[PDB]
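Chain by chain, the residues run as shown.
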Amino acid sequence: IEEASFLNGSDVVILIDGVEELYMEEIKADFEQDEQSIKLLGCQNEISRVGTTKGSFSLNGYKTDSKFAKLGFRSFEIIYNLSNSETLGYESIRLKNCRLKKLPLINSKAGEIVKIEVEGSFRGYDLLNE
Amino acid sequence: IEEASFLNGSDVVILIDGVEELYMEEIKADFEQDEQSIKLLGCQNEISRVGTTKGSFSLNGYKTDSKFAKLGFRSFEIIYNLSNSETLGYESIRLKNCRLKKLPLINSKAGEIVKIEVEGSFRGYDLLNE
Amino acid sequence: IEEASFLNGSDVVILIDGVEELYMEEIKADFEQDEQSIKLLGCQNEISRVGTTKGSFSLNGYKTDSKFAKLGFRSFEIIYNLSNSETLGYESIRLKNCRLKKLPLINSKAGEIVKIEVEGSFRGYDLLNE
Amino acid sequence: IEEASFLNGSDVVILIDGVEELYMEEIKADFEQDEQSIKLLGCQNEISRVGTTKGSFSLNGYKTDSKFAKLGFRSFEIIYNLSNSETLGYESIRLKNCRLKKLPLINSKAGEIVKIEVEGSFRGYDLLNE
Amino acid sequence: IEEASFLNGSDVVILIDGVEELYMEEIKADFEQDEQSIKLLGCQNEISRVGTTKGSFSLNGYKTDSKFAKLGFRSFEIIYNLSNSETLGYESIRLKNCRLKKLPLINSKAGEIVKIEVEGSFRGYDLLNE
Amino acid sequence: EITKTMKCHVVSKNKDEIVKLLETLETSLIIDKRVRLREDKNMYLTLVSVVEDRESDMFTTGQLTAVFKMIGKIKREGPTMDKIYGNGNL
Amino acid sequence: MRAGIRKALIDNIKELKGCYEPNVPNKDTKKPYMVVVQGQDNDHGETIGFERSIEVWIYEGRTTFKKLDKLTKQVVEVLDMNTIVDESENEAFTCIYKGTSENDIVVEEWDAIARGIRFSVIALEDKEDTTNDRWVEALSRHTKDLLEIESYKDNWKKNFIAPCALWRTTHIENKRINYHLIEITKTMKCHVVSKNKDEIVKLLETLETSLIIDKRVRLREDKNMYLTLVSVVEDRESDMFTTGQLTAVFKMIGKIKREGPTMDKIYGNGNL
Amino acid sequence: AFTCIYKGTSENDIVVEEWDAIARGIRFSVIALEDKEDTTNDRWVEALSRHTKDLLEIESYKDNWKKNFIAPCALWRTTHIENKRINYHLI
């Protein structure tokens, strides 16, 4: 019975703005696009087109510094290395011109560990490896 | 007491863009249509018409490659073979001109297995078998 | 195996309008901004800009006085000292011109402890320490 | 270790329209205001103002009479004495010109105790004691 | 220690359109009104007025006949006798010109008991007893 | 993350002394919400919950149950870009 | 096992005058002498197998009980967890200290005092130390390489060499996650035995840290298989032999081994 | 036929001086004395026992143990049954 593999999520390595960020816990990023649905005058099937693209991302992790608060709304790059070790074919993606949607200055509850949640947008992406 | 059968969902075989995709877990697809409700000037029952049709689909499964990220917003076909083995009358459906609504570049949580979720639209469908 | 640290949320010390507030339980604050997404006439990637910023905050804690009810909609400052004791590098943030969105006059249930929830906005923030 | 105290919610005493109401279970009241956010032509920080105020309240408790149903939409006063007994500094708040948003004529389920829920608005408030 | 009483919800007796309906399980009815909030040109407290009233009700119970389906959108009266037996002071309310918002023709799940849910509106109410 | 639910005993001929000792130990563990793992002070054991069960046996079981957690860091390192250099052409 | 215990007692103890079988020694036998009595063999579960109970009844000349206490400590030192080889059977074993007789009897007619030390032996019927559980083999190999101690498979063997570890599977959950994929999950528990309990703690600590920082284990030296860890948990209160301190859950995802013909070459013509 | 199962040993290794002998009692047991059929009216058990025999090429006893079981073997009893009328036409 031949083998398989699941990319365990603990293999993610995120380098934010060059420096390796090691407290991040979950990262999401999608490349949206407006469908631009058009109804033709003779055909009864709607048609979709690329329209224009838009980025959006997010990160959650344990707070250890004021890195994001001091960063402000400056543009920055994000690297995401989804390493695979059962088969060595890692995957690396770069997000270009990442900008925060909202600066998370303060978020904390008394009886809990302090976590930092971020969300924003990026102009474009590059698929460095797969 | 005569027999019956439930089409177990693990019998699904999805060939995306020709190549058999074997990590997909759940697939959904519906053929929408605008009702075009019209109120007549003499009759008190509203009337519905076909209007125009619109496709929509989705897939979830375990991530193993950058197939969808590299695919971009290119059009592609999807086959869905809901095999039945208690009775051999399988069912096959083809979705035409599938296009992603959003490219899922990155989605992962540290303590979990990495899964890929997709959603988009398709121009039309064909019922190859039943 | 080198050490690490989680900023425990019980280390928060909030000084509201100068006086140290010692019944607060959880505090949140974010610095929002309008994305101002612009679609260029030649480029298919949407572009984001700083737009204008807007503050928003919130606090929850055990009620012990009519401090907030008597304060009204007066402007005031908030300090938030997220102390760290495993490493002594505390973090202090100041929120400027905090104003309540709604005055919480009364909130209580018979079989429960009386807690006070607040939410509002602030003109600007300062990162005193990190 | 010096003492502290929480205001237990069972100490609430609500006098509605003068008469002491003794079946009420939880009461809420907030003093809202429109933020009136204004974007200046030179400054990138949004500015907030008092605008105009608006009251809102609510009560839940066990039904024992048709008091609220017979009261109609008549204006009335509400007193709320959040007594504290560990320290004798009670708190009293008066809500002025309370008016029901909706008259709860009937609300009952067969296998449950009948409770009455109310919600409305008030022109203004007075902080009689603290 | 002097007694008290909760109006148990199983004491409800609903006579719909004169005939006593004995399978109903829970009934709700409220007398809504548009607040008509007005901002004065000199006063900073918003003012509320009666506006115009609107009724709304609902019933749920075990289906035993096609009474509501055959009734159609005909107007009808509802009586609701919230009997109290610990103290004999029952309460009776009449809802005038009740009209269904939607005719519940069919509602049923295979592995469950069939229940009928109704919702509508009423022109006015009378408080026959309290 | 390394978590341990460590239980503590207190023995004495005077049971009231046991109660007093457990009380002061609990108060110390709570007000000082972490414990120095070693005298170097780099490490710590952040408390999670401390609970006493007075009915529990003095010798076998132990009165006080405490839960501590600690977060290690994987000790990986690599070379650093101290100096960078380049030329320009056309 | 009588020969092995008798030889060990005679060799490693010098106050002893002789170690006999139950009803052998005459009244003129020179005290102190010991007597080795075998007890029941009881099925004590899958992990232990059959457990023999052996007693060593020390005897003394009714001078004082302190001499007998010293002799008892000597016997416990000699036999407790030390591998002993029975030359007659030419197979080894490892006695385990368990306790002492009900009281410290006095026998006046023989003019002696006696005390029965109580030992036991593990897994009388096991002689293989092999398994067809590939996962247990993989983790036992991993433990042996990491830890440099013995690593026994699913069940103890009678001649275990303390310190040692034992990896076994307790529970198995298979799952057809997809048409082509199957998930195999095993909750595998691990023992660590040693005379020094602090050594047990240290061994468990290093094993846990290794399993965590290296989040998967090579099923075979050919690679292409892995046991991705799910959760590893130690329960120090649990018994050293019967239960096992450390509980680990591993999962693996197979793939249904189906194949078919391939479209290497495609050809066609055109007409009108 | 029957199939004895090893279970243990007598309480101790006794010595009987009056007989001039030593003795030890091995302890065996036998299973399912009153079963002789190896048949079942549970169709499901029959089906899975057939499947196990075909796949595995060993014995497959159906309802309960029989006293002369041939090791190696498998048994496929049923423990718990839950019926359910999911629909008007289906069960």
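Residues numbered from 1 in each chain as written, not as in the entry; some residues may be left out. Chains lettered and ligands numbered in written order. Part of a larger assembly, values for the part shown. Heavy atoms only, no water.

Structure determination for this PDB entry was carried out by cryo-EM, with a resolution of 3.4 Å recorded in the header.

**Q** Explain the overall build of chain F to me, please; I cannot follow it from the model alone.
**A** Helix and strand counts for chain F come out as one helix and four strands. Along the chain direction, N to C, the helices and strands of chain F fall in the order β-α-β-β-β. Computed over its C-alpha atoms, the radius of gyration of chain F comes to 23 Å, more than 25% above the 12 Å expected for a compact globule of 90 residues. In terms of principal-axis extent, the alpha carbons of chain F reach across some 90 × 20 × 20 Å. For chain F, the residues scored as buried account for 26% of the 90 residues in total. Considering only contacts in chain F between residues 6 or more positions apart, those separated by 24 or more positions represent 53%. Summed over its atoms, the accessible surface of chain F is roughly 7200 Å², and 53% of this surface lies on carbon and sulfur atoms. (Helix = DSSP H or I, 4+ residues; strand = E, 2+ residues; numbered from the N terminus. Rg over C-alpha atoms; globule rule 2.2 N^0.38 Å. Buried < 20%, exposed > 50% of the residue type's maximum accessible area, 1.4 Å probe, protein only. Contact = heavy atoms within 4.5 Å. Areas by Shrake-Rupley, 256 points an atom, 1.4 Å probe, with all protein chains shown as cover.)

**Q** Got a minute to help me understand the environment of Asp40(F) in this structure?
**A** Tracing the chain through its elements places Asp40(F) in the loop between strand 2 (34–35) and strand 3 (45–52). Overall, the relative accessible area of 58% leaves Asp40(F) in the exposed class.

**Q** Can you walk me through the interface of chain A and chain C in this structure?
**A** A common way to report how large an interface is uses the accessible area buried once the components associate. Counting residues at the interface gives 30 residues for chain A, matched by 36 residues for chain C. Summing both partners gives a buried area of about 3200 Å² for chain A against chain C, and 54% of it is carried by carbon and sulfur. Of all residues in chain A, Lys101(A), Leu105(A) and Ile106(A) bury the most surface against chain C, accounting for 21% of the area lost on that side. Inspection of the chain A/chain C interface yields four salt bridges. For the salt bridge of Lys63(A) with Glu91(C), the shortest nitrogen-to-oxygen distance reads 3.7 Å. The tally of links from chain A across to chain C stands at 22 residue pairs in polar contact. Those elements giving two or more residues to the side of chain A that touches chain C turn out to be strand 4 (53–62), helix 1 (67–71), strand 6 (91–100) and strand 7 (102–109) of chain A. Split by residue class, the side of chain A that touches chain C holds 13 nonpolar, seven polar and 10 charged. In this structure, strand 7 of chain A lies alongside strand 3 (residues 24–33) of chain C, joined through six bridges in antiparallel fashion. Residue pairing in the sheet places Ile106(A) in a bridge with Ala29(C) of strand 3 of chain C. (Buried area = accessible area lost by both parts, 1.4 Å probe. Salt bridge = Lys/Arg side-chain N within 4 Å of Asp/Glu carboxyl O. Polar contact = N/O pair within 3.5 Å; in protein donor to acceptor, adjacent residues only side chain to side chain. Nonpolar A, V, L, I, M, F, W, Y, C, P; charged D, E, K, R; others polar. Pairing = 2+ DSSP bridges.)

**Q** Just checking my understanding: could you explain a negative patch on the surface for this structure?
**A** Residues and elements named next belong to chain B. A grouping of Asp30, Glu32, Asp34 and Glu35 is seen on the molecular surface, where their side chains present a negatively charged patch. By secondary structure assignment, the location of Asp30 is in strand 3 (residues 24–33). For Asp30, a relative accessible area of 36% corresponds to the partly exposed category. (Patch = residues over 30% accessible without salt bridge, like charges linked within 9 Å, V, L, I, M, F, W, Y side chains within 5 Å. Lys, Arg positive; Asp, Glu negative; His and termini not counted. Charge placed at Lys NZ, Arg CZ, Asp CG, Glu CD.)

**Q** What should I look at first to understand helix 1 (residues 15–31) of chain F in this one?
**A** Because each turn of an α-helix spans 3.6 residues, side chains separated by three or four positions end up pointing in the same direction. Residues and elements named next belong to chain F. Given a rise of 1.5 Å per residue, 17 residues ought to cover 24 Å, and the 24 Å separating the end C-alpha atoms of helix 1 matches this to within 8%. Of all the residues in helix 1, the buried ones are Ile18, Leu22, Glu26 and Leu29. Projected down its long axis, helix 1 shows its buried positions confined to an angular sector of 65°, all on one face. Turned more than 90 degrees off the buried face of helix 1, the exposed positions are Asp16, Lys20, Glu23 and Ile31. In this fold, the buried residues of helix 1 make contact with strand 2, strand 3 and strand 4 (64–70). The opening residue of helix 1, the one whose side-chain oxygen lies 3.2 Å from the backbone nitrogen of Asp16, is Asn14. (Expected span 1.5 Å × (residues − 1). Arc of directions from axis to C-beta.)

**Q** Where do I start with the sheet that holds strand 4 of chain F in this structure?
**A** Where strands meet in a sheet, backbone hydrogen bonds hold them as pairs that are either parallel or antiparallel. Residue and element names in this part refer to chain F. A sheet is described by the order of its strands in space; here four strands give the open sequence 1-4-3-2, paired in antiparallel fashion. Each edge of the open sheet carries a strand with a single partner, namely strand 1 (2–8) and strand 2. Both strand 2 and strand 3 contribute to a ladder of two bridges, which runs antiparallel. Across the sheet, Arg34 pairs through a bridge with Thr46, a residue of strand 3.

**Q** Looking at this structure, I do not really get the arrangement of the chains. What am I missing?
**A** At the C-alpha level, the nearest point of chain C lies 13 Å from chain E, with no contact between them. Here chain E and chain F are not in contact; the least distance found between their C-alpha atoms is 36 Å.

**Q** When you look at unusual backbone geometry in this model, what are you seeing that I'm missing?
**A** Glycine aside, a negative phi is what most residues show, and trans is what most peptide bonds show. Residue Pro32(G) is reached from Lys31(G) by a cis peptide bond, and omega for that bond is 0°. Looking along the chain, the bond that leaves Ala162(G) and enters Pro163(G) is cis, with omega of 0°. If you trace the backbone, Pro163(G) turns up in the loop between strand 9 (150–152) and strand 10 (164–175). Phi angles above zero are rare outside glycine, and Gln36(E) is one such case at about 60°. Counting through the fold element by element, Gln36(E) comes out in the loop between strand 3 (24–33) and strand 4 (53–62). The phi dihedral of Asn90(G) falls on the positive side, at around 55°, and the residue is not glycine. Counting through the fold element by element, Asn90(G) comes out in the loop between strand 4 (83–86) and strand 5 (91–94). A relative accessible area of 63% places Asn90(G) in the exposed class.

**Q** Can you help me understand the packing of aromatic side chains in this one?
**A** Aromatic rings considered in pairs are described by the distance between their centres and by the relative angle of their planes. The tally for this structure, following the rule as stated, stands at 36 aromatic pairs over all chains. Between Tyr62(D) and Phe6(E) the ring centres are 3.8 Å apart and the planes differ by 5°, which places this aromatic pair in the stacked class. Pair noted here: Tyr62(D) is in strand 4 (residues 53–62) and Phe6(E) is in the segment before strand 1 (12–16), and the two residues belong to different chains. On the basis of relative accessibility, which here comes to 35%, the residue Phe6(E) falls in the partly exposed class. A cation over an aromatic ring shows up here: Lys67(D) above the ring of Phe68(D), its NZ or CZ 5.9 Å from the ring centre. (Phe/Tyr/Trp six-rings, centres within 6.5 Å; stacked < 30°, edge-to-face > 60°. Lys NZ or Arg CZ within 6 Å of the ring centre and 35° of its normal.)

**Q** Quick question: what am I supposed to make of the pattern of salt bridges here?
**A** Side-chain pairing between opposite charges can occur once the charged atoms of the two side chains come close. Taken as a whole, this structure holds 51 salt bridges over all chains when the rule is applied. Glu32(D) is the salt-bridge partner of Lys101(C), the closest N and O atoms lying 2.7 Å from each other. On the criterion of chain membership, the pair formed by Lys101(C) in the loop between strand 6 (91–100) and strand 7 (102–109) and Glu32(D) in strand 3 (residues 24–33) is interchain, its members lying in two chains. Classification of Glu32(D) by relative accessible area gives partly exposed; the value is 23%. In this structure, a network of salt bridges that share partners links the residues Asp11(A), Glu86(A), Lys215(G) and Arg216(G).

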